[PDB]
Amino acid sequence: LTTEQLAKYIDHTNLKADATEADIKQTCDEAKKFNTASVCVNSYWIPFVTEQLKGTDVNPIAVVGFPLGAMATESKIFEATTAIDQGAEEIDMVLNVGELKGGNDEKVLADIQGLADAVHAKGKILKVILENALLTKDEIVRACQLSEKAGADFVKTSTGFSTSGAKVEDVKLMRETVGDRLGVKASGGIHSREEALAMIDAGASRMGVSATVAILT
């Protein structure tokens, strides 16, 4: 796998609370240099990122209800629809983990469903971050099934802000559950080229990466 095609797997990611405009611009320069799939930022930076990436094949994408996933559904939707209207081509939302763990599957479903409707109405795609770190393996499976039932296009391992991120065995579990019906995105803690290839082998069709420069050089 050449560095060029490895790059097309990568949502190049900068989500730290203290990222400055210069920091975000550097993320955009790096994504354009390596031709990654995306630049993934918090919603505030979507207009800037969109301008930086205009005229290239790199997509702006936004996280929403992130990273806790405990934002009201109405507000996750407003954040998502605003982000897309301002340039986002994909939305990575965070699952309502608390409702999942408390066994309120219908509320988990309703939350994702509302985002899926809003994002799809605008012709874009939705990824659901499960935050595997906080879930039992049965919960990872259930979260995958609910994401699918709600119409999500991808499931995503991690926000990057919990205790651990992508794990090969979790990625494989997710890919087995959704089959080829949803994309699987490995994110959080991906530091080396070997780790990245491991994730792809384990089933990931996309990756969230912030240490991208180290990996592709």
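Residue numbers here begin at 1 and follow the sequence given.
When the two stretches 188-196 and 56-64 are set side by side, the higher mean Cα temperature factor goes to 188-196.
Higher mean CA temperature factor between 85-93 and 98-106: 98-106, per the PDB entry. Which of 163, 42, 50, 159 has the largest Cα B-factor in the deposited entry comes down to 163.
Remark: residue 153 belongs to the lowest third of its chain, ranked by C-alpha B-factor as recorded.
Ranked against the other modelled residues of its chain, the C-alpha B-factor of residue 74 as given in the entry falls in the middle third. The PDB entry assigns residue 201 a C-alpha temperature factor belonging to the highest third of its chain's modelled residues. Residue-level temperature factors show residue 126 in the middle third of its chain, judged at the C-alpha atom. In the deposited entry, the Cα temperature factor of residue 135 sits in the top third of values across the chain's modelled residues.
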